[PDB]
Amino acid sequence: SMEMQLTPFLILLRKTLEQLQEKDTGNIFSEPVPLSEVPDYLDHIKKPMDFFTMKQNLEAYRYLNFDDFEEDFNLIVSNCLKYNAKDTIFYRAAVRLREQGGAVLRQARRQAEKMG
Ligand SMILES: Cc1nc(C)c(C(=O)Nc2nc(CN3C[C@H](C)C[C@H](C)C3)cs2)o1
């Protein structure tokens, strides 16, 4: 909501972001894709995203509603599916992250709705 207390909501986002990052068992989503090793990445991906950047956005108060937070998580997944071939560790890991992050987000959204 417009008038909900922001600090409980941001603590919820911090807890949720930690739970999502814990699903990065391949350790490929928690820092920006290294452009020095993937120099054509921005030719394909318009909005890179990763869990460190999400933490920066959170602490800069760029997430004022739950949907924008979830949209950036979804970008981590969709960027990875888009850039990488299906028969890669990266692609398979993005599918796993989509599956595991979904339950985290469903529970977190229920908590966010109770704050409005
Ligand atoms: C989700 C995704 N899509 C793509 C195309 C990639 C990708 O190329 N990841 C890569 N990681 C590395 C190595 N990694 C090691 C860490 C310890 C630090 C961190 C900055 C770099 C090289 S390339 O990841």
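How each quantity is defined
Residues numbered from 1 in each chain as written, not as in the entry; some residues may be left out. Heavy atoms only, no water. Residues with missing side-chain atoms left out of burial classes, pairs and counts. Near = heavy atom within 4 Å. Polar contact = N/O pair within 3.5 Å; in protein donor to acceptor, adjacent residues only side chain to side chain. Areas by Shrake-Rupley, 256 points an atom, 1.4 Å probe, with all protein chains shown as cover. Nonpolar A, V, L, I, M, F, W, Y, C, P; charged D, E, K, R; others polar. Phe/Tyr/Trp six-rings, centres within 6.5 Å; stacked < 30°, edge-to-face > 60°. Helix = DSSP H or I, 4+ residues; strand = E, 2+ residues; numbered from the N terminus. Buried < 20%, exposed > 50% of the residue type's maximum accessible area, 1.4 Å probe, protein only.

Method information in the entry identifies X-ray crystallography as the source of the structure, with 1.650 Å recorded as the resolution.

Moving on: the site of the ligand. For the ligand, the full set of nearby residues is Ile28, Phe29, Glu31, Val33, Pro34, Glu37, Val38, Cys80, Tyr83, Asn84 and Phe90. Note that a nitrogen atom of the ligand is positioned 3.5 Å from one of the side-chain N or O atoms of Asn84. Starting from 560 Å² of accessible surface for the ligand in isolation, the protein chains cover 65%. Its residues assigned to classes, the shell around the ligand comprises 8 nonpolar, 1 polar and 2 charged.

Here we come to the packing of aromatic side chains. Enumeration over the complete set of coordinates arrives at 4 aromatic pairs. Look at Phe51 and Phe73: their rings are 6.3 Å apart centre to centre, the planes differ by 25°, and that puts the pair in the stacked class. Here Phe73 lies in helix 4 (residues 66-83) and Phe51 lies in helix 3 (residues 51-59), a separation of 22 residues in the sequence. Judged by relative accessible area, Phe73 falls into the buried class, the value being 2%. A connected cluster of aromatic rings, assembled from ring pairs, spans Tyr63, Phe66 and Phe69.

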